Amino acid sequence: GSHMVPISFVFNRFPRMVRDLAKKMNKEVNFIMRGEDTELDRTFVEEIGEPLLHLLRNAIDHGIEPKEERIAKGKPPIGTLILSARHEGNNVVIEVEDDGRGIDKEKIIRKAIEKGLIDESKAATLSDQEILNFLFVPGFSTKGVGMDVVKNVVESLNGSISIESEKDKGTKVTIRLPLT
């Protein structure tokens, strides 16, 4: 830990950015930030901004549903978006979690069958992790930003990123950064 700085140097600029993205996409979202005092290498702080912003925009765009939809679906009217940082052994863990509609895994499945990557029979055997990983295959999604770009930036930092989601329950993206 030579050049450690609180992750607040990258976090504090998000509340305003989230609020304006919500207004633009007509989404009502309660934004929560946890662990802004978590220390990490300054190089990361200066490079993780683009990535996080993209995960936050994804949550607001594809995740949280318009209030009128959440209401019709029987969910808390206002959406919740949580950006947090914490320590797990010699790793700094940053997470972006929403209680939105969740990643549409069938949509992914159909796209993979369409690109000839898998056939029907095979698609019925895939695990959620295998499905969600298609989101990291370059060129898989239609646009440059994207999950492709988030994984590459994160890994150029010797970091790791994972995803998990449950239909109508929400989505959570996890980024692990190394202790320097």
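In this text, rigid core is short for the largest set of C-alphas that superpose within 1.5 Å between two forms. Each residue number is its position in the shown sequence, starting from 1.
- Looking at 79 to 87 and 101 to 109, the one farther from the shown form in 7 other deposited structures of this protein by average CA distance, after a rigid core fit, turns out to be 101 to 109.
- Taking 42 to 50 and 117 to 125 in turn, the stretch whose Cα atoms are more displaced from the shown form in 7 other deposited structures of this protein following rigid core superposition is 117 to 125.
- In at least a third of the other compared PDB entries of this protein that cover both flanking sides, residue 143 is left without coordinates.
- The modelled chain breaks after residue 143 and resumes at residue 144, leaving 4 to 9 residues of the deposited sequence without coordinates.
- According to the PDB record, 134 to 142 carries the higher mean C-alpha B-factor of the two stretches 108 to 116 and 134 to 142.
- Per the deposited coordinates, the residue with the largest Cα temperature factor out of 154, 60, 147, 53 is 147.
- Annotation for residue 161: C-alpha temperature factor in the lowest third relative to the rest of the modelled chain, per the entry.
- When the CA B factors of the chain's modelled residues are split into thirds, the value for residue 89 lands in the highest one.
- When the modelled residues of the chain are ordered by C-alpha B-factor, residue 16 sits in the highest third.
- Per-chain ranking of the deposited C-alpha B factor places residue 126 in the middle third.
- Among the modelled residues of the chain, residue 41 sits in the middle third by CA temperature factor in this PDB entry.
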